[PDB]
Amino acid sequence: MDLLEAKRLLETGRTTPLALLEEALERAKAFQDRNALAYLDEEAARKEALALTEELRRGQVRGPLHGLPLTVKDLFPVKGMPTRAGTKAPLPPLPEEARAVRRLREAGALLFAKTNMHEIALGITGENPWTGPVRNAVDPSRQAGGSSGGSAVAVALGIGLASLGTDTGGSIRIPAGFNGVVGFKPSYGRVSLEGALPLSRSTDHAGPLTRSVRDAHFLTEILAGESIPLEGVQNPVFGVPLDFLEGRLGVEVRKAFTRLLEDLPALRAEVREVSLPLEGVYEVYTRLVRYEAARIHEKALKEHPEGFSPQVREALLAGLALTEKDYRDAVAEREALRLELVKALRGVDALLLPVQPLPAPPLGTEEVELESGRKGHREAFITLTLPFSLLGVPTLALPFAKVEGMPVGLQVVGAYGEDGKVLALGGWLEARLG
């Protein structure tokens, strides 16, 4: 079941906050081999669940999420819970509770655990030598992906009804696709990242991982502290950046995506090719993010570099090697790319493209096979998502197909501020997809 479904059961008295927690805890124990949780205090959780249950009986409701069990990516401070960000290195000062978390707590949600994540959110594999890897919800021998891997798996397996994560280069969308769940990255700044561990301040996005589009819409309003109206959808027009996708997809995802485009007309939708070159976007993003990330962890990298894994340590050092000039160039280059996206979105309701070039790869996979040849993991899996987080436009990731039994996600991209439209379009597609 999902959030709104469980909410209705609570309102009709068919279930209780305590019961919902027990089911979540039961799933957490049965799927420990997935290693999705970074921190879990069953005792404190049960105590809180008891209070929420008794409150529901006395007629006291904290908010719209009252009694609903949720998890939080371990980069958001949560009261009574430690924050480790998947690393052994010290972290910069952070408050007791992130603003976004406060929104959930004040709404009555029951935050019962922190989810694992790729070390300091700098990576998308989900493999972590410090905490152990997070394993794919569908196949325990494949990657859960990242860096909100634990959150995605938790939601997929029923460990909590939803989860809160972050997306800088696709860290919400990628794991959502890998594990067959919904991941929404709102327009930049929509949801507050105050109090949370930063990676790339001008590119980080806070967002939900859910089992349905309606839950993503519902949760985003609470997280943003504002209503996001949903409009009706009829004869939607979808733009497809074929030039951008050329040679960036795997053979199987290519077939599934092509099939989707072929079936849309029958579903009464329209498919139009659009142009989205975005030349150099990969390195623009990489330099901008690594430069900022390295500065965030500069002190720890100097005093306690051994606290970082080899991959992260190398990435941070590479960021430190980038000069302020390199940063200024990247900043200017990002601004230059905006018009290109505006034009591509002009005339269509949203852009559609896979969120991944292949299904979740086996654990340890460093190179993958694309339709245009072998490519490095990072470049193959981050290129499809980074442009939209870099430019800050609302982007939803939802399941649209399967490859050899593994989930493959689809991206729905809208213009800046069109969060409601993207979610509306997402629900329309979700209903007509598998």
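Quick note: we count residues from 1 along the sequence shown, nothing fancier.
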57-65 versus 396-404 - greater average Cα B-factor per the deposited record: 57-65
Stretch exceeding the other in mean C-alpha B-factor - 383-391, 363-371: 363-371
Options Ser148, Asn179, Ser309, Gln356 - largest CA temperature factor per the record: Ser309
C-alpha B-factor winner, where the candidates are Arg313, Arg214, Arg135, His118: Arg313
CA B-factor ranking of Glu221, expressed as a third of its chain: lowest
Third assignment of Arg268 from its chain's C-alpha B-factors: middle
B-factor third for the C-alpha atom of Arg287 within its chain: highest
Chain third (lowest, middle, highest) by recorded CA B-factor, residue given as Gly165: lowest
Third of the chain's Cα B-factor distribution that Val253 belongs to, per the entry: middle
